[PDB]
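What follows draws every value from the coordinates through simple rules; no lab data is involved. Cβ: placed from backbone, ideal geometry, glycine included. Neighbour counts: every protein chain shown.
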Amino acid sequence: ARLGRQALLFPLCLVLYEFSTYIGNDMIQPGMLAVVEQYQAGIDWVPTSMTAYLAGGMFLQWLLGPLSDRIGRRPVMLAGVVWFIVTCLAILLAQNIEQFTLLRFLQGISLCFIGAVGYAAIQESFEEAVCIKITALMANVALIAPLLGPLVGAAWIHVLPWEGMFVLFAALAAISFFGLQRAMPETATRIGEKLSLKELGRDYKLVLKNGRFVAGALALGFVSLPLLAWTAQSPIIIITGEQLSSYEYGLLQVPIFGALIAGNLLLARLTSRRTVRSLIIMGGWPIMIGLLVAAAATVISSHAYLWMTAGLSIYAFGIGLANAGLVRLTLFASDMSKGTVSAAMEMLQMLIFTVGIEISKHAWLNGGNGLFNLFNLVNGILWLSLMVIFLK
Ligand SMILES: C[C@H](CCC(=O)O)[C@H]1CC[C@H]2[C@@H]3CC[C@@H]4C[C@H](O)CC[C@]4(C)[C@H]3C[C@H](O)[C@]12C
């Protein structure tokens, strides 16, 4: 009725779509420089790829979850994977940057599907301990894809063009898609229910008014932004800005990332020894020194990219520790539905990220490299403020 040990070929179809989606950001960003030095506009449009790719996610975010309830889980999930493979290749026929966004944004809306419909079909079919192994894997995906995507994204620009990636994914999404064609047993018990959408944001306005949740979502939104600012701009920061090569550049991704995960290995090993509340304040020191250090560094010295990247590691480590923990408490900051609390915190996080990245954009151009790190501190500051309230 629920689980066994034989239909494990289906979750890997979901986990593979999860994989191919993140790298859709975590490889293209370095290679966007080649996409920028071809479409003709400027290096300012490098990060602005990630941005439109994000802003898509939070679009149907809130709708697809209840929508996948009203009209099945199988067809909603399929329409998404199709939509992805479709847009993964139809992008190679745009050939201009004012409408490079358009399709980048369309692949962006193909992100809610993984959580809104996909993740639910595991909290509906498979049992507790069965799901636990599945999710801790899904956890690793969203950390390895950004960790090891940029390395393959740095070789792939040296050994191939940028067009090679867009196919490779539509392939990797169809790899699991033809694995999902006849192996996706839906679990939606709301078929034959009204198209109630004009009063759907009512179940949303309840969490949207929670003086504790909102703060805790923004505590989360901001705290992590600096990470994705780098992820968005490190191509330019380094290859152009600092004047470096794809080895000396792709070198700098890992120390950040390797420390990030060092924050997860220890988190998993001290979730036992220590309480949740403690862990966030326990991770709220390395960060606070990271975004201290990153900027304290680019004060008089404007080009010391080593110690900035070294800042974003102290920075990086603590994020492993904090974020995750704080996620728990932001969910249970509201005594409501998992899905809607989730729908909110995500439809917030991105606003923070999408916009966050744009404000981080000009910050670099105009201000140089200094301002950038200060508009990193801000959010350290920002986050920390939210904490002085949150726990006490
Ligand atoms: C919204 C899903 C929920 C599905 C799941 O539980 O796996 C979660 C799970 C993994 C999460 C991502 C992990 C990688 C990133 C870690 C950063 O420190 C914060 C932003 C990112 C980009 C996270 C954003 C978001 O919070 C995700 C995508």
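If you average 1/r across every pair of different Cα atoms in segment 319-392 and take the reciprocal, what Kirkwood value do you get, in Å?
Working: mean 1/r = 0.0708 Å⁻¹.
Value: 14.1 Å, from the Cα pair sum.
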Considering only DSSP states other than H, G, I, E and B, which GluC sites (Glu not before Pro) in segment 192-252 qualify as loop sites with at most 15 other Cβ atoms within 10 Å? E193, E199
Charge tally in the Cβ shell below 14 Å around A52, where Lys, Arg are +1 and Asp, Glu are -1, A52 excluded: -1
Here the averaged projected area of segment 37-181, based on the convex hull of its alpha-carbon atoms and given in nm², is 9.6 nm²
I need the helices of the chain that pass two filters: whole DSSP H segments spanning 18 Å or more by Cα along the axis, and mean Kyte-Doolittle score no lower than 0.5. 11-26, 74-89, 128-159, 163-177, 213-234, 246-270, 305-331, 338-365, 370-390
Cα centroid separation, segment 272-341 to segment 371-392 (Å): 10 Å
Hey, got the dipole for the chain? About the Cα centre, +1 on K and R Cβ, -1 on D and E Cβ, debye to the nearest 20? 1320 debye
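Per residue, what volume in Å³ does the convex hull of the Cα atoms of the chain enclose? Don't skip to the answer; put the middle values down first.
Values: hull volume 55.9 nm³, N = 392.
Spelled out: Cα convex hull of the chain, divided by residues, is 143 Å³.
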For segment 66-131, the Debye formula with one identical point scatterer on each Cα and no solvent gives log10 I(q)/I(0) at q = 0.13, 0.23 Å⁻¹ as -0.46, -0.92
For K361, which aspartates and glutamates qualify as cross-link partners when the Cα separation must be under 15 Å and same-chain residues fewer than eight apart are set aside? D44
Over all pairs of distinct alpha carbons, what does the Kirkwood formula give as the hydrodynamic radius of segment 109-246, in Å? 19.5 Å
Determine which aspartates and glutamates satisfy two conditions relative to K392: a Cα distance under 15 Å, and not lying fewer than 8 residues away in the same chain. none
C-alpha center-to-center spacing [segment 151-199, segment 107-143] in angstrom: 13 Å
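Using Cα pairs under 8 angstrom and six or more residues apart, how large is the relative contact order of the chain, in percent?
Answer for the chain is 25 percent.
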How would you rank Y17, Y22, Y247, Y204, going from fewest to most other Cβ atoms within 10 Å of each one's own Cβ? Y247, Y204, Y22, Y17
Name the residue from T189, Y17, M138 whose Cα lies farthest towards the positive end of the charge dipole of the chain, charges +1 on Cβ of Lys and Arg and -1 on Cβ of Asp and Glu. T189
For the chain, what is the mean residue ellipticity at 222 nm derived from helices alone (per DSSP H run of n ≥ 4: -39500 (n - 2.57); sum divided by total residues; nearest 500 deg cm²/dmol)? -23000 deg cm²/dmol
For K198, go through the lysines and keep the ones whose alpha-carbon is under 23 Å away, minus same-chain ones fewer than eight residues off. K209, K338
Rh by Kirkwood over Cα pairs, then Stokes-Einstein D for segment 242-376 at 1.306 mPa s and 10 °C, µm²/s: 97 µm²/s
